[PDB]
Amino acid sequence: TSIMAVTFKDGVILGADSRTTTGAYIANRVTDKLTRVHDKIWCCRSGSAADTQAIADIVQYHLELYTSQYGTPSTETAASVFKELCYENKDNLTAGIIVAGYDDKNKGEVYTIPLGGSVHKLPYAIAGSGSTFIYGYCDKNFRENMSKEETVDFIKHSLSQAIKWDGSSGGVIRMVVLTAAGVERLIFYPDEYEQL
Amino acid sequence: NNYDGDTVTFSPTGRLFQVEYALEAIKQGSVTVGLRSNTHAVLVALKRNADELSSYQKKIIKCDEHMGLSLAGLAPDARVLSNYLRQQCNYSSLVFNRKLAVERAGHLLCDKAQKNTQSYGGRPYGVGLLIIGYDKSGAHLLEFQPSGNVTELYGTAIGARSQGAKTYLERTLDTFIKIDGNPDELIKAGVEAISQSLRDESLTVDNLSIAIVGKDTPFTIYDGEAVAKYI
Amino acid sequence: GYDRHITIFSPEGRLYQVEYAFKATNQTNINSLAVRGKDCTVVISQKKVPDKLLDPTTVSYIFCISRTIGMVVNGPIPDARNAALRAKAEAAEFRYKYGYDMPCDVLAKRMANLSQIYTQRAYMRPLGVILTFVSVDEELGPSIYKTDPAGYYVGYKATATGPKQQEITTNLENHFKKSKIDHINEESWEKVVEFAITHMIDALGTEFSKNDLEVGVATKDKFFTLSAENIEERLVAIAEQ
Amino acid sequence: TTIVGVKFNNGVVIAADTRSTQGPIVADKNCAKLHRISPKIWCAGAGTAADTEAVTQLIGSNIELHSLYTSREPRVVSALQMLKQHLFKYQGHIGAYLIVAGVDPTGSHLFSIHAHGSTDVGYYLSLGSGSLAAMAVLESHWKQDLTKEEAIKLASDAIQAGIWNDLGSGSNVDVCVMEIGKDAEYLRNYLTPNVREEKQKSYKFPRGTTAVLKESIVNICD
Amino acid sequence: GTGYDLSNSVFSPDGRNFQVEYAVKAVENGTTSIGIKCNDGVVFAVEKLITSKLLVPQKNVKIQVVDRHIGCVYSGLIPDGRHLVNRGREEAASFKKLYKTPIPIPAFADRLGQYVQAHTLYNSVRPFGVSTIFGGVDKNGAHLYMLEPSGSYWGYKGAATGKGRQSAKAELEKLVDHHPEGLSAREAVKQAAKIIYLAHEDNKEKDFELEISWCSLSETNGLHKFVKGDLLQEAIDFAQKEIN
Amino acid sequence: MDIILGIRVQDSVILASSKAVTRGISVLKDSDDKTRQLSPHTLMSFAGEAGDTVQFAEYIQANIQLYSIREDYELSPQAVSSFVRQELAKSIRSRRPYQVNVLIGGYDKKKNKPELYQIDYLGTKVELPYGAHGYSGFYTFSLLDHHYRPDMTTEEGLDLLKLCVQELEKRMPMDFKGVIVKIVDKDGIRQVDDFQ
Amino acid sequence: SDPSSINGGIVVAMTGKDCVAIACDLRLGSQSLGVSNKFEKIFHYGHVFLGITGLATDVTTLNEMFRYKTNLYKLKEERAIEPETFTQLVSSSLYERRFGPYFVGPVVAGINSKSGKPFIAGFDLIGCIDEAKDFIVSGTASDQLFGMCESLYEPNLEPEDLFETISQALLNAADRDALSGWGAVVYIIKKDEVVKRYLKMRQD
Amino acid sequence: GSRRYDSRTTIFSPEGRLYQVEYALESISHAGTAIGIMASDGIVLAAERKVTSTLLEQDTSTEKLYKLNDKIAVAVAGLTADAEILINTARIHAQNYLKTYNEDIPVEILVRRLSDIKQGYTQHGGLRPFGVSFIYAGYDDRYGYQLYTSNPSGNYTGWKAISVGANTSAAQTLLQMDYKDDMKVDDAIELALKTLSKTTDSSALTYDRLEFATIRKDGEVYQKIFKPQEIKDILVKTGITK
Amino acid sequence: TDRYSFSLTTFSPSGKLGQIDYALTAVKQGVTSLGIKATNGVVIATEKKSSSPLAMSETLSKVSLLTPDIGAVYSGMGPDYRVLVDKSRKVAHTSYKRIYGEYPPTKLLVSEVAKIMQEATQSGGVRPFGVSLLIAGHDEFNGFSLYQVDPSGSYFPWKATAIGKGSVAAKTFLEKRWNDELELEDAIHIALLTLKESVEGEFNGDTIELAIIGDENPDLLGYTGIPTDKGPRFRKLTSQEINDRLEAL
Ligand SMILES: [Mg+2]
Ligand SMILES: [Mg+2]
Ligand SMILES: [Mg+2]
Ligand SMILES: [Mg+2]
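Sequences listed follow chains A, B, C, D, E, F, G, H and I, in order.
In terms of our numbering, the first sequence opens at residue 775 and continues consecutively.
In terms of our numbering, the second sequence opens at residue 25 and continues consecutively.
In terms of our numbering, the third sequence opens at residue 98 and continues consecutively.
In terms of our numbering, the fourth sequence opens at residue 862 and continues consecutively.
In terms of our numbering, the fifth sequence opens at residue 35 and continues consecutively.
In terms of our numbering, the sixth sequence opens at residue 48 and continues consecutively.
In terms of our numbering, the seventh sequence opens at residue 6 and continues consecutively.
In terms of our numbering, the eighth sequence opens at residue 23 and continues consecutively.
In terms of our numbering, the ninth sequence opens at residue 4 and continues consecutively.
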């Protein structure tokens, strides 16, 4: 698994691969690891597929109830719900989550919740196995308030390198762009990012 | 008339008759006065007996080295509330290394009493309390009623014929509020106040109880000959 | 004696507490009607702000239960908000457990079952409110379903609720007998809002300003409530006729 | 076990082998592994057969109650969510791996659920022991369009690859097609390529071969 | 029949719950407490009856704080008000624990309203004998709410309850008519002092101590603080001058 | 270990129980009576873990006596064995199972028949002409298979038990310090005073 | 120490022409030690027979529990339970203790009193229904029984031939298992008659 | 609170009786008459149906006579639903006894269990008692054939011939007049039929308005619940019908 | 808190159970609903009295399927009937299908609903149900059957019976027109004739709701492949079929 979320001038962009393996076998090569918990609040999931799916479902339920009672939730609110769900059940969960949201108050925001249930707000976050191989590249190539094109290119290059070096990551590169316009879905196929 | 069956029923005028009956239970109790200055706080208690062979019961209860209370009314309800206050002071001292303030003690007894004036089956408490204490804010005297209302005062008195002592404390306010550094004069002022509520009685060594708390004086109770010098 | 205090059967086989809750539904003295269009559903209710010290934006008897279901309540606002919170919780739990948005009739049946529980249990009183849920169900189209303190629930082509409910009901019955259809043959939801407001003016015989009405519109995957300015624009468009 | 599911142009088909084994021994040579959650929502099971049967029956009963309550045709996403949550509650201690396909007012759907509660979506899925062979066949022969007969042939060939190249799958091929609008077609033993050859001799014993010590008539009456 | 007012949550033949109305009667016998929503925040004020000079002045605080941004005052049975405030503090703590952000004023209002309404649902519980004026500043601005013993709560430009509530309401209406642009924080404090001084005239037998708090975005950075010291004396002088 | 033998001989049931109680390398007792009279015509010998044996036996005894008092009727040995088996089958799936093995010998007055039941700590009940618990069976079973006759008299049963006890004293690696022998017949339960 | 391998025992059921057969061995032992030569493992409720092989205490508890349930079923429904309904009941009762299972392998055999169809079925420890129309084997010598039944069975056998077939199967399977044998019982079940036969085996 | 509406079902009267128990007895006094007779070789139960109509399916109907196990039956007088609840509990208790002891439960034990349940219903819990009286007809190998009777109070008594329901006085008078200890099962059948025909409120006793049952002796005991055709046959034999 | 832990239905000094009789009275004021058992099926019919004509009558189904072979109609309080049918559908699974793999027979489901109602007439702080139920079912070993369940918890098997307002007259009509040789179509015809007298307004397929427990419908199974599963025997007659049978009276 290789997931990331990058903020930029117009909003945020989540990116992930599509490879879910049970050991050395690619159980699914078209996995959607980008999950929507609210209209403009999504999450990149890594780790236990069952744990992450259940956590995302419960967070979506809580955010729907929150929207029904007190109106639209903030990205920090979704991050807090994720943090509570992951910290109070840290003994029986293996889930790394990257919560990326867009609101008109704070533009784009990215929080990361690794193992243990700690929450960290970052300009960009990476997680999963393949992330181990792109720390240097991302740290040397990330810039604040990039344009949409440069952010898509950065995420594409990072995830392509991760897929190239990490055996646990592969498939197509999925992206979800959260901006004032709304939600845009992007896909990049192997024949494109492999020649990068 | 048809609205004094329990605490769960309001009267057409908006009254809680069980609370008022508890207050009346207090009014039939023996008188006890409390006063304070800027350095000390005194509780004087007129202990009541059944006959000459009986004891005079006990009206002063210590809750912690810095806080104590005198009762007027049902003794078991006063024991329950004093045990709750001891447990809260102990919890504060253990968990926070912090002596429990007197205002918060009044708030907690207010909540404990209010929890009975709204649930069916649980009667209100039939006792009134006078709580003296000395904390980081100085000396404090509180009057607690079973309605839940807790009031911080310089002086007051509760029980039968307490209005005389209350008026005496009203007249002597400017005098006893300045009795700082001399606890014996404050105790004698409290003794005069409780004497103002003696119609056909007189203070002896068996009916007078004293309690003192202050700066360098932990909450101490005086019974018997110890109070004789103040009679 | 005591048979009229708790929810038990009288010698006539009646539940007087249920009837008294029905009476309490009219305590607010506000009427509201609901009608269906080609692909939407409109509810209109009277907005009465008697005190000058009140915030008019907070005076509302319409609630956004989910993104697709709206609910207008006739009755006291405590029980109204109680039922609204319960319906929102039930819709959220439904979406979580069964993976799809709760249908309008299903929420109506749940609230009516809870009302039946309150009617058969003596420890709790029935909620003196009448709940009208409206939505555009993915399998039923525009849907209006009403529930009452007795535990009854039923759908409508159109409906009305309040003290002057019978007049609006008769007006809608006459319009639908003449038009020979069970909805409003209009494409845009604005025209259905205008139709509802116009027919309420005709039935009640009173004019309305932008600060006298509350309008809730349900379209495919979206329930919303009109602001004072949208209500004013609809009133201007009705005046253009 | 070898189970597959393939979505075509107007519905979804599932297929499975008919061999249940207890270790290396074949227990049932014709076990119907296609279970019915709802009349148009079917599921193929793998792993602990008892767990699969129990969870499928439970979710089917809940689906029927939900359909009677809501007065609507059951949705595949409902059974999906219920199976997911019920399996996740037990942290994989219920050894059921299901391929759940069906049709509902929303359309045709095909998902896979694992014992721990993980779910996966796709146009073609495979589970069980022989899953790798079947998936190979699928990756080699799957396309988008796909007619009903094309999808049936693809699923049958995948189950055959599992029957021939895997030791845990064998015998016959059960199929269930579900088109949008039509009823579910349950082809039991759609293919029977492993018919047992006739024996060289009959081993019927002459009456009196077995020595009997005591005989009596037991009463099955009232 | 008769006896419909003997148990709570019993509908009378005219569709009423007489126990709630009796709780309202208990509320009307309480002291005056008002709330004024200004441009950048809210102000709360209350009158404290000095039955005797044995009461320690400036103590016996009646205005309570919830979280760090909610102010609550109540008229009626002070212990019931403290109970409701404790429940609201629990609700705000839970909201902050779950959603990180401090609880919005409408959310807190709905929590308290649901609690009181549930207390008017069973014959085994007594309705609250308090009317509560609360509010504060959140991400959506300033909010002021009043909550009745019936569980009914609403948002107000100005609210008042107690014995002199009528007079206060009239004055509040004047404040709405004379100042359509809105009052400032200290201006609202001074006018609340005036309104409390005018409302005390319905209880002139006893003297009163004025107690004021405010939650303002500009003057208190969105935090609930007691108006004390120089500003409190300024408001008291303004009230005594505006009165005769 | 503990020696628990029983034999049904046409007219009575004979139960023999070792007399030795050993904890460690010390024989604490050499005169222990490892039986409890459940009813005037039903005896039960027991062997197993320390404490569990006597506790279980006395519990069963109290229950059987309570039933006899309530109904003024002695339960048949079959019903007593069924009750004991049910208790032991509830024990194994409890938190701490009773590690007791019992031999129930009883003379059914209704059927006028002696009966011997063997139950282990698991709840495995079997009606046997002769039974033994533990390693004692490995030596006694075959001896009985060669020397037992269903038409035997109580004296013949006593001689057979003497032979069994002699074989046990010869080949067992433990000194069980003799056996206490008891006879259950139509006249009730008695103890053999004079035994080898 | 495997619970299904402590006491031992074998049960085998087979179907014929308008009949069924269910046979079991009579051995109850504790590992090598043989205890009871008369421990039958087949119990009938009305007209549906059930053979239970595994842990003997669980065998007896299941026998008593199913007697309980079938008696209450007949009292409530006023009719005897059918083999298919009883099979489903056994499956549900076994799975009700999913995580505290019984260490048994039940086998149901009977003839449906209304349709006359012969019906046999088998289960595992948690109640996995194995609906096979030919034969169902269970016990410690499950593999030997599987081989004997797969080699000997032919469909549509008369009771006199079905008895010989099932008896030879059980005998030759028990002679190759240490924990099975010591006697055998065979029920040949028809619609109106059920014959019980005690076989002669080697007692080793 | 709720005490205003509490009827207090488990309180004593100044005389020393339970109000609800007496009222349930009065209720049962209006139920269809049931009669049990214990002869030397069997037991006979007979009862009259209160719910009678031409459109009432009497074949699949069971409202007066029920089976507890294979050796015990009950005749009901009163609320049929409370009776069936208690019968379900009795069946469960009998099967529990069977599982525990591997023996059929004696009659008196089951009667006392059901009577203790009915008693506990009249001492605590604050619930109304079961308005049902039971006539237990059973067999066991300790006391032989047994006839018991229990009321909502929780008391149970043993009888030779007994009646419950409506017109119990006349039924008991007829039984005490025409009962003999050495009589057989057919004589008991005839006597029960005659007593029901003489104590009924309807014009004539027809087969569709009564239920019948016999527990008799192949060395085994058989419990036969009579079908409508067999009831009509025994009626035309006894002479009540032709 | 539920401080009503005591029975709200107690025996009166006369022997009557007040709440039981009052629930029966509430039932008697309900709309007339009848059922007729034939030799090849059962029919249950009722009148769909609508409060407002603006209400959609189809969304108010008085006949509800309990099991694919067992349906039910009622007379009395609608909401109580709705919660009872929900409880019955749930108990048909939790107490039989999940234990025996098959749906329950008619008598057993009727006994379960009667037990529910009896608990409702004896438990603490609860009023009895204000409904009488007519349950029409078919099981393999008892054939077709029709049962009536009263608020008291008592149930009776009926060849034909009606409950509600004109229940007495309807029952008399049925007693005069019922015979043990009736067919399902003859039973439907008699049911229509009986309901024609209990109603006065419009008498068409949109105002009356009628359903049948007859032969199996393989067209309503939703799937084809299993020859043992035939189909559901319960079927609600469409408005068109009701009108076609009414036009021929
Ligand atoms: Mg890679
Ligand atoms: Mg293979
Ligand atoms: Mg062998
Ligand atoms: Mg050997």
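Backbone N, C-alpha and C fix where the C-beta goes; we use that ideal spot for every residue, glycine too.
Straight-line CA distance for residue i to residue j?
i: B/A235; j: B/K82; result: 12 Å
i: E/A194; j: E/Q225; result: 13 Å
i: A/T868; j: A/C860; result: 9 Å
i: A/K930; j: A/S776; result: 11 Å
i: D/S939; j: I/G167; result: 40 Å
i: I/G208; j: I/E50; result: 10 Å
i: E/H117; j: H/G142; result: 42 Å
Find out if the Cβ-Cβ distance for the pair residue i, residue j is shorter than 8 Å.
i: H/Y88; j: H/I109; result: yes
i: I/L195; j: I/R238; result: no
i: G/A61; j: G/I194; result: no
i: E/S158; j: H/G23; result: yes
Check the DSSP bridge columns for residue i and list the partner residues they point to.
i: D/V873; result: D/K868, D/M1039
i: C/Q143; result: C/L310
i: B/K51; result: Answer by DSSP bridge pairing: none, since B/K51 is not bridged.
From the beta carbon of residue i, is the nearest beta carbon of chain B less than 8 Å away?
i: E/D114; result: yes
Can a CB atom of chain I be found closer than 8 Å to the CB of residue i?
i: G/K43; result: no
Would residue i count as contacting chain D if we go by Cβ distances under 8 Å?
i: G/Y203; result: yes
i: A/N915; result: no
Return no unless some Cβ of chain A is closer than 8 Å to the Cβ of residue i.
i: E/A141; result: yes
Any Cβ of chain C within less than 8 Å of the Cβ of residue i?
i: E/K173; result: no
I want to see whether chain E comes within less than 8 Å of residue i, judged by CB atoms only; does it?
i: H/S172; result: no
Q. Quick check: the region 183–193 of chain B against the region 215–228 of chain B, are there 3 or more CB pairs under 8 Å?
A. yes
Q: Inspect the CB distances between the region 866–877 of chain D and the region 1004–1013 of chain D and report whether three or more fall short of 8 Å.
A: yes
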